[PDB]
Each structure stands twice: as C-alpha cells, then as structure tokens.
Amino acid sequence: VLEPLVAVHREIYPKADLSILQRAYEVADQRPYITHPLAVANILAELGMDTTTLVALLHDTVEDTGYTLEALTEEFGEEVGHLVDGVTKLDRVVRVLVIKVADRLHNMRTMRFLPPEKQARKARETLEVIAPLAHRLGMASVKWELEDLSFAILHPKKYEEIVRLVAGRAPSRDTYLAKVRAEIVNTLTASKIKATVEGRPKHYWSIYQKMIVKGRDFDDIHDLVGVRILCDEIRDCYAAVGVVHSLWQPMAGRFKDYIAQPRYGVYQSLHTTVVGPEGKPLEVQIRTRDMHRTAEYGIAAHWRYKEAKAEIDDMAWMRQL
Amino acid sequence: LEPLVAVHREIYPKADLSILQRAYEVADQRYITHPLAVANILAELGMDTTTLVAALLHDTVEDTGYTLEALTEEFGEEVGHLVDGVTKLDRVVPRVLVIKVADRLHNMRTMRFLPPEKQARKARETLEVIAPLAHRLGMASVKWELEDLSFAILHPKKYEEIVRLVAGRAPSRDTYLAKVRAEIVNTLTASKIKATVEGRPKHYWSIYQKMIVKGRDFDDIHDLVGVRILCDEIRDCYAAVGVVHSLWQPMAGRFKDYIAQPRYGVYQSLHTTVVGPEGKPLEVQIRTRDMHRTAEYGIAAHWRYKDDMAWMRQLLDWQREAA
Ligand SMILES: [Mg+2]
Ligand SMILES: [Mg+2]
C-alpha cells in the first residue's frame, strides 16, 4: 500500500530526503478509513508533483484532529504550512490548486454513501467550477473523468440514453475502426515510423453537448469513430499526417497544427479530419509521448489564463468570486 | 584525360585502372572529344568501367581501318558485344542502350552542323523514339534535356513564345516561390527535419503540351510554381507532407504516394497539391536524395511494358520511330 505509492514517485526522479514522506504518512496514520490522503497522494504522484506536495497526506488533519497548523509547520516546514492551510481555505463556490482537484477527483470516484445534499450538489459543483478549472490546469484525464461521473448523477436517464445509444451500433462501429487501425499501421510499418495507434477514449458529457447543438437525429455511426496516433519525436508526428493522407482524402478548413501554433500555451497537437473508408469523417489526433504527458496529466499553468462569465490562489478566488 | 577518372573513381574504389588508360590511349591514336565527352556523362550516371572503356572505342570501327576482331582481342568479349551492339543501332526517322542515349544527348547539345538534314530530323527522331526510350529506362535528366533542345529547333517561334511568356511574369512569379521557400523552411527547421528546398526546374516542351490540351487562355501565373523538397530517409519524406499541410490546405484529389505504390518499376515519390497560399494551386514533390538520384538518373527499367531483349525492344522502339 505505502510501497507502491512511494514507488510510483521514485521512478520519476531519484530524490533525497525520503525520511520526510515516511514521517508524513506515519504522523498522519497516528493522527471508514484513513486512506483518502494516501489515495490522493498516489494520484498526485501519478501526475508527478513535488515530494513536499505528497507530504502536504497531512492536509485533512487540522479539521478532523485536535492538533493545529502551528504544530504541523514546525515539524515539516513553512511550505507545508502554507499548502495545508491554502488547500483548507478553498471551499465550495457557486500547488494548492492541483492538490484540491485530486482530493475532489477521488471523492467523486468513491461515493459509497449517497446522503442527499452532498451527492447531487457535488456533481453540480464539480461540473460548474472544477471541470473548467481542471481544464485551465491543462490535464484532460482529470477533467474528462470528473465530468462523466458528475453527468451520470445529475442526468441519469440522459446518461442511460447515451450509453444505451452508444451500445447499439457498437459491434458494427468497433469493426470499422479495427480495419482503419490495420490499414493505418501497415503502411507506417513499411515506412519505418515508430508509432502507437490507439483508439480514442470516449466521453458521454461530450456526446451529450455534441448532440444538443446538432439536435435530435444527429449521425451516430461516425461521431463516435475517433482515432489517435502517438510518436517519439515531432518529425514522426508530421510523418503520420503523411501516411494518413496517403490512405484517405482530407477535408478542407478542418485542419490544425497546434505544434506549429500554440493556443492556451503549448497544446502541442495536430488535428486532422479526412473522408473515410465508407465516406465517414474520421477525427485523427497525432501528438508525441512527451506532448501526451502534458496534454492529459501534468502541467503548471504559467500563462494565458483568461477569466470568463501562490498567485494562482488569489486568481482562483477571483474566478469563483 | 585526367578529370574523367575523378568523377568515376569516387563512386566506387575499383581495380584494373590500366584498362581505361589503355582505352583512351588506343582511341586517341586510332576532334576526338566525342568518345570521352560521352564517357564523362556516362560516368556522371555511374556506369561500369567496361562500359566506360567501350564507350571510349565504340565509333572507331566506322572511322578507323581497324576492325572488331582486333578490338575485342585487346579488351575481351564484353567490349566486343557492346561496341558492336551500339553500332547496329542506327537512325530511325541494357549497357549498350545507355551508351547510345548518351551519344545522341551530346550530339543534340552541340549542333554547329546546322546544314545537315539532321538539324530538324535528328531532333524529330529524338522526340519520337529517344525521349521515350530515355524515359522508359527511368532516366529523366537525360529526357528533360533531349526534348527542350529538339523542340526548340523543331518549332522555333513556338519555343520563342513559351520562353517569352515565361519571361513576362517571371519577377512576380519568382517572388511567390521565395516567400513559399522561406515559410516552408522556417517551420521544418523548428520541427528539426533535415531538408533541401529547391525550386523545380522548368521545361518548355511540357508547357507546350500542357497549354495545347488546356487551350490558349490559361493561367500562366500558377502553371509552374513547383517546389521540390528533398530528404535523406523515407520517414522524413512523410514529415515534409506534414509541414506543407500545416501551412496550406490540401486538394482532395490529385494526391499520390508512389513510395507506397510504385508505378511499374520503383519511382518512389510523394506528389501533393495545395491551394490558398496565393489562392492558386502549387505542386509539391517530396522524395529522398536516394530516391531523387534514382528518378533523375534511372539506370534502367526492367521492362517498358510496350542481346535478344535489346533487339526486340529495339524492334518496338524502331516501330515507334516509324510512327
Ligand atoms: Mg477530503
Ligand atoms: Mg559516334
């Protein structure tokens, strides 16, 4: 339990002063279960935040236990002091910023008990102010999941409608992709380009809004047919566009190169749509492994923040207020 | 002469240099530049030393009292077969074949003898059979040249009109290409792809046929703005298609991938057309340095699809000539 989470940290960076994170958990353990801090500490370690953030395991202690921040800060430091306080100060809104999104992500995933007010409203709150905030942090895996869960609880029969509507044409649609995957992989293996060719992991809240704007009677067969390519270096990402276009005719005005032009900072992705093997618009999304690391899980959110409707914490409060 | 050896030698460190010294020496003793001048343009293609020797003593027998029986004994059977085989190929209205194309290409380059009937006829002959024969093997650099010289002589005022029309909009047209070359090169240097970005070399016989099939009123501004990207390895050729598409929007049809699907023998090359940089289509032609070598100086094609192989192909060739 403790070993795997620390192991998931160590592979990233051979770091010094391991005796703080042992101290962190030990003191927390002594201070239905105590796993939430460590469970969080793992999904933060999976993102790859600082060992101080990992320590800062001790975030829920001051509200639940008798001991206080003045005692806490002395044991570990001033940084842990500011963090645990900063994360505690954040409340429901009609380092510190990333720690919170993890805390909530887990709580959303684990809803064993469904007492009333917390349940429906947490979903509502997450969608309203946590999904976009997560999106500002540039981590797609955090947001995407947070939404789907939230969407299920808020609109159950609408979720049901989608997942049922998804399930109907699944066998025909899944086969169609399996051909494309083969057809695309063959030629790049002849071309000698090292690349992974996964299918796009799909999301129901996306499908919900995508349907809403299009209206009822929208096309189901091709909307759910998305594919991704992954490459080692920028050269190879541009090479993929080569092989794709060789196999199928591209569509005008739907082509992008975010590697060439970054929006909201470094997205580092190429998006193209082509007319398909059965005349289907198929959305391809080429990007590197290093760029994937950024796109889905890890970012610091330095610049190009924009309001709508640490310095980030006062920024965030302004955003909710 | 001395420099002929230098262009040949750096291709392949080879033994028995004495034969090519013997070749020129015995030829010199037997205007004597035509053999060696040919022997150079063959060496530029990169033919076998035996081919270099033969092409050095191929025309001797007709101009010189010495015969093939004496000639073959000095240099063996191979040079016997070559020098004879090429002589047998006469005027019509694989090593042997390549030597002949080099000869006609040289004689076409230098035409101080305008008086002979060949000036127009020899040109007529090359366009009818030698241009397709050169092209069939896979050699374009030879073909490209052969045509422009032949076509210039055959139709003087038509040629004049094409070069004139070309010259008119040249400054406006060359400026686009300078901007396109810059915009392309900036982004591939950011992408960190090693790639040369030359402009396409234009041909007037092509413009003649293109405008004939498309009629008099045709867009001269975008007809030939062609770019030619060049990269080391197959991977990088696909990477070029990337940078091009990043900058401009590609046409649905007119796309090809000859590396993936080589027409007849291997002509591996990526042809793509894109519009909207200037609101006009531009033809991009990506291929490897190796691929480029191959295309420009194709040694030969196994078969055109339209010794004994040489004679019968020659026979179809000669029928095309009669045509
Ligand atoms: Mg908590
Ligand atoms: Mg001769």
# chains A, B, ... in the order shown; residues from 1 in each chain; ligands from 1
>>> interface_residues(of="chain B", to="chain A", cutoff="8 Å", atoms="only C-alpha atoms", output="PyMOL selection string")
chain B and resi 187+191-193+234-243+246+249-253+255-257+260
>>> write_last_selection(atoms="N, CA, C and O atoms", output="CSV table (one decimal), in the first residue's frame")
chain,number,residue,atom,x,y,z
B,187,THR,N,9.6,26.5,-40.7
B,187,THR,CA,8.8,25.6,-39.9
B,187,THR,C,9.4,24.2,-39.8
B,187,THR,O,9.4,23.6,-38.7
B,191,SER,N,10.7,22.2,-36.6
B,191,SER,CA,10.4,20.8,-36.5
B,191,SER,C,11.7,19.9,-36.5
B,191,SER,O,11.6,18.8,-36.1
B,192,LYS,N,12.8,20.5,-36.9
B,192,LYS,CA,14.1,19.8,-36.8
B,192,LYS,C,14.2,18.7,-37.8
B,192,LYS,O,14.6,17.5,-37.4
B,193,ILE,N,13.9,18.9,-39.1
B,193,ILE,CA,13.9,18.0,-40.1
B,193,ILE,C,15.0,18.5,-41.1
B,193,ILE,O,14.8,19.6,-41.6
B,234,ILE,N,13.0,7.8,-45.9
B,234,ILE,CA,11.6,7.7,-46.1
B,234,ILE,C,10.7,8.4,-45.0
B,234,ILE,O,9.7,9.1,-45.3
B,235,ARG,N,11.1,8.2,-43.7
B,235,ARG,CA,10.4,8.8,-42.6
B,235,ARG,C,10.2,10.3,-42.8
B,235,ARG,O,9.1,10.8,-42.7
B,236,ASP,N,11.3,10.9,-43.1
B,236,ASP,CA,11.4,12.4,-43.3
B,236,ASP,C,10.5,12.9,-44.5
B,236,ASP,O,10.0,14.0,-44.4
B,237,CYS,N,10.4,12.1,-45.5
B,237,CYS,CA,9.5,12.4,-46.7
B,237,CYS,C,8.1,12.6,-46.2
B,237,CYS,O,7.4,13.5,-46.7
B,238,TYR,N,7.6,11.7,-45.3
B,238,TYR,CA,6.3,11.8,-44.8
B,238,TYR,C,6.2,13.0,-43.8
B,238,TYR,O,5.1,13.7,-43.8
B,239,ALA,N,7.3,13.3,-43.1
B,239,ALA,CA,7.3,14.5,-42.3
B,239,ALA,C,7.2,15.9,-43.0
B,239,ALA,O,6.6,16.8,-42.5
B,240,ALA,N,7.7,15.9,-44.3
B,240,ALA,CA,7.6,17.0,-45.2
B,240,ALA,C,6.1,17.3,-45.5
B,240,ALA,O,5.6,18.4,-45.3
B,241,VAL,N,5.4,16.3,-45.9
B,241,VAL,CA,3.9,16.3,-46.2
B,241,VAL,C,3.2,17.0,-45.0
B,241,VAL,O,2.2,17.7,-45.2
B,242,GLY,N,3.6,16.7,-43.8
B,242,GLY,CA,3.2,17.3,-42.5
B,242,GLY,C,3.3,18.8,-42.5
B,242,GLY,O,2.3,19.6,-42.4
B,243,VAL,N,4.6,19.3,-42.7
B,243,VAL,CA,4.8,20.8,-42.6
B,243,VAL,C,4.1,21.5,-43.7
B,243,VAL,O,3.5,22.6,-43.5
B,246,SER,N,0.4,21.8,-42.7
B,246,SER,CA,0.4,22.7,-41.6
B,246,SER,C,0.2,24.2,-42.1
B,246,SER,O,-0.5,25.0,-41.5
B,249,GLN,N,-3.7,24.4,-47.3
B,249,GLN,CA,-4.8,23.4,-47.3
B,249,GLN,C,-4.8,22.5,-48.6
B,249,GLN,O,-4.8,23.0,-49.7
B,250,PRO,N,-4.8,21.2,-48.4
B,250,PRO,CA,-4.5,20.3,-49.5
B,250,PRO,C,-5.8,19.9,-50.3
B,250,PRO,O,-6.8,19.7,-49.7
B,251,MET,N,-5.6,19.8,-51.6
B,251,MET,CA,-6.7,19.4,-52.5
B,251,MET,C,-7.1,18.0,-52.2
B,251,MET,O,-6.2,17.1,-51.9
B,252,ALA,N,-8.4,17.7,-52.4
B,252,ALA,CA,-8.9,16.3,-52.1
B,252,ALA,C,-8.3,15.2,-53.0
B,252,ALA,O,-7.7,14.3,-52.5
B,253,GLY,N,-8.5,15.4,-54.3
B,253,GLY,CA,-7.9,14.6,-55.3
B,253,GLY,C,-6.5,15.1,-55.7
B,253,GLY,O,-6.0,16.0,-55.0
B,255,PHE,N,-3.7,13.7,-55.1
B,255,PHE,CA,-2.8,13.2,-54.1
B,255,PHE,C,-2.3,11.9,-54.5
B,255,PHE,O,-3.0,11.1,-55.1
B,256,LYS,N,-1.0,11.6,-54.3
B,256,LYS,CA,-0.3,10.3,-54.6
B,256,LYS,C,0.7,10.0,-53.6
B,256,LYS,O,1.3,10.8,-52.9
B,257,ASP,N,1.1,8.7,-53.6
B,257,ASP,CA,2.1,8.1,-52.8
B,257,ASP,C,2.8,7.0,-53.5
B,257,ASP,O,2.4,5.8,-53.3
B,260,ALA,N,4.6,4.2,-51.4
B,260,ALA,CA,3.6,3.2,-51.0
B,260,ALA,C,3.2,2.3,-52.2
B,260,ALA,O,3.1,1.1,-52.1
>>> residues_around(residues="residue B:80", least_positions_apart="2", cutoff="12 Å", atoms="only C-alpha atoms", output="number ranges by chain")
B: 50-51, 53-55, 57-58, 61, 67-78, 82-87, 96
>>> write_last_selection(atoms="C-alpha atoms", output="compact mmCIF listing (two decimals), in the first residue's frame")
# COMPACT_ATOMS: atom_id res chain seq x y z
CA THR B 50 33.83 -1.77 -69.02
CA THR B 51 31.01 0.50 -70.27
CA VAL B 53 36.05 1.59 -71.90
CA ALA B 54 33.59 0.51 -74.63
CA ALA B 55 32.03 3.97 -74.94
CA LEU B 57 36.23 2.87 -78.51
CA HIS B 58 32.72 2.39 -79.96
CA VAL B 61 35.49 0.86 -86.44
CA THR B 67 38.13 -3.93 -87.01
CA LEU B 68 36.18 -5.58 -84.16
CA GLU B 69 38.20 -8.83 -84.31
CA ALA B 70 41.37 -6.87 -83.46
CA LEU B 71 39.45 -4.68 -80.99
CA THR B 72 37.83 -7.48 -78.93
CA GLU B 73 41.19 -9.34 -78.55
CA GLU B 74 42.68 -6.31 -76.77
CA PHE B 75 39.75 -5.82 -74.33
CA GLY B 76 37.78 -9.13 -74.40
CA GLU B 77 34.28 -10.21 -75.48
CA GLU B 78 32.20 -7.76 -73.34
CA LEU B 82 28.99 -3.54 -76.55
CA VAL B 83 30.84 -1.70 -79.35
CA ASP B 84 29.12 -3.89 -81.98
CA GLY B 85 25.67 -3.78 -80.36
CA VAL B 86 25.60 0.03 -80.29
CA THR B 87 26.82 0.35 -83.92
CA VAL B 96 24.59 -0.90 -74.83
>>> closest_atom_pairs(of="chain B", to="ligand 2", cutoff="9 Å", atoms="only C-alpha atoms and all ligand atoms", output="JSON lines")
{"residue": "B:34", "atom": "CA", "partner": "ligand 2", "partner_atom_place_in_ligand_line": "1 (Mg)", "distance": 7.3}
{"residue": "B:35", "atom": "CA", "partner": "ligand 2", "partner_atom_place_in_ligand_line": "1 (Mg)", "distance": 7.3}
{"residue": "B:58", "atom": "CA", "partner": "ligand 2", "partner_atom_place_in_ligand_line": "1 (Mg)", "distance": 7.0}
{"residue": "B:59", "atom": "CA", "partner": "ligand 2", "partner_atom_place_in_ligand_line": "1 (Mg)", "distance": 4.7}
{"residue": "B:60", "atom": "CA", "partner": "ligand 2", "partner_atom_place_in_ligand_line": "1 (Mg)", "distance": 8.2}
{"residue": "B:62", "atom": "CA", "partner": "ligand 2", "partner_atom_place_in_ligand_line": "1 (Mg)", "distance": 8.7}
{"residue": "B:87", "atom": "CA", "partner": "ligand 2", "partner_atom_place_in_ligand_line": "1 (Mg)", "distance": 8.2}
{"residue": "B:100", "atom": "CA", "partner": "ligand 2", "partner_atom_place_in_ligand_line": "1 (Mg)", "distance": 8.6}
{"residue": "B:103", "atom": "CA", "partner": "ligand 2", "partner_atom_place_in_ligand_line": "1 (Mg)", "distance": 6.6}
{"residue": "B:104", "atom": "CA", "partner": "ligand 2", "partner_atom_place_in_ligand_line": "1 (Mg)", "distance": 8.5}
{"residue": "B:107", "atom": "CA", "partner": "ligand 2", "partner_atom_place_in_ligand_line": "1 (Mg)", "distance": 8.9}
>>> residues_near_ligand(ligand="ligand 1", cutoff="7 Å", atoms="only C-alpha atoms and all ligand atoms", output="PyMOL selection string")
chain A and resi 36+60+103
>>> residues_around(residues="stretch 195-200 of chain B", least_positions_apart="4", cutoff="8 Å", atoms="only C-alpha atoms", output="PyMOL selection string")
chain B and resi 177+181+185+188+225-232
>>> write_last_selection(atoms="C-alpha atoms", output="mmCIF file, in the first residue's frame")
data_model
loop_
_atom_site.group_PDB
_atom_site.id
_atom_site.type_symbol
_atom_site.label_atom_id
_atom_site.label_comp_id
_atom_site.auth_asym_id
_atom_site.auth_seq_id
_atom_site.Cartn_x
_atom_site.Cartn_y
_atom_site.Cartn_z
ATOM 1 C CA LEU B 177 8.359 30.906 -54.581
ATOM 2 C CA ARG B 181 10.506 28.555 -49.693
ATOM 3 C CA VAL B 185 11.994 26.237 -44.406
ATOM 4 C CA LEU B 188 10.801 22.443 -40.789
ATOM 5 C CA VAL B 225 5.442 27.378 -59.403
ATOM 6 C CA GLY B 226 6.549 23.852 -58.466
ATOM 7 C CA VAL B 227 8.522 23.073 -55.298
ATOM 8 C CA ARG B 228 10.760 20.018 -54.748
ATOM 9 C CA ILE B 229 11.514 19.015 -51.144
ATOM 10 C CA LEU B 230 14.416 16.568 -50.695
ATOM 11 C CA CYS B 231 15.109 14.442 -47.553
ATOM 12 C CA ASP B 232 17.545 11.663 -46.532
#
>>> atom_distance(atom1="atom CA of residue A:181", atom2="atom CA of residue A:147")
28.3 Å
>>> residues_around(residues="stretch 8-20 of chain A", least_positions_apart="4", cutoff="10 Å", atoms="only C-alpha atoms", output="number ranges by chain")
A: 3-4, 24-26, 41-52, 54-55, 75-76
>>> residues_around(residues="stretch 115-120 of chain A", least_positions_apart="3", cutoff="12 Å", atoms="only C-alpha atoms", output="PyMOL selection string")
chain A and resi 92+107-112+123-127+149-156
>>> write_last_selection(atoms="C-alpha atoms", output="PDB file, in the first residue's frame")
ATOM      1  CA  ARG A  92     -17.446  25.316  -2.234  1.00  0.00           C
ATOM      2  CA  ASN A 107     -14.360  11.805  -3.646  1.00  0.00           C
ATOM      3  CA  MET A 108     -16.252  11.899  -6.960  1.00  0.00           C
ATOM      4  CA  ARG A 109     -14.959   8.410  -7.880  1.00  0.00           C
ATOM      5  CA  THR A 110     -15.784   6.962  -4.417  1.00  0.00           C
ATOM      6  CA  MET A 111     -19.411   7.704  -3.470  1.00  0.00           C
ATOM      7  CA  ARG A 112     -20.188   4.641  -1.334  1.00  0.00           C
ATOM      8  CA  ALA A 123     -21.763  16.693  -9.092  1.00  0.00           C
ATOM      9  CA  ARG A 124     -23.343  20.089  -9.917  1.00  0.00           C
ATOM     10  CA  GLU A 125     -20.446  21.959  -8.256  1.00  0.00           C
ATOM     11  CA  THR A 126     -17.724  19.849  -9.932  1.00  0.00           C
ATOM     12  CA  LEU A 127     -19.155  20.462 -13.397  1.00  0.00           C
ATOM     13  CA  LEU A 149     -19.237  10.797 -13.139  1.00  0.00           C
ATOM     14  CA  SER A 150     -20.927  14.164 -12.476  1.00  0.00           C
ATOM     15  CA  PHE A 151     -23.047  13.811 -15.631  1.00  0.00           C
ATOM     16  CA  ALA A 152     -24.322  10.354 -14.579  1.00  0.00           C
ATOM     17  CA  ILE A 153     -25.680  11.600 -11.228  1.00  0.00           C
ATOM     18  CA  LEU A 154     -27.188  14.905 -12.474  1.00  0.00           C
ATOM     19  CA  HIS A 155     -28.898  13.498 -15.584  1.00  0.00           C
ATOM     20  CA  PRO A 156     -29.288   9.696 -15.042  1.00  0.00           C
TER      21      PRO A 156
END
>>> select_by_dssp(residues="stretch 42-114 of chain B", states="helix (DSSP H, G or I)", output="ChimeraX atom specification")
/B:42-45,49-54,60-63,68-75,77-88,95-109
>>> residues_around(residues="residue A:220", least_positions_apart="4", cutoff="9 Å", atoms="only C-alpha atoms", output="VMD selection string")
chain A and resid 165 to 166 169 224
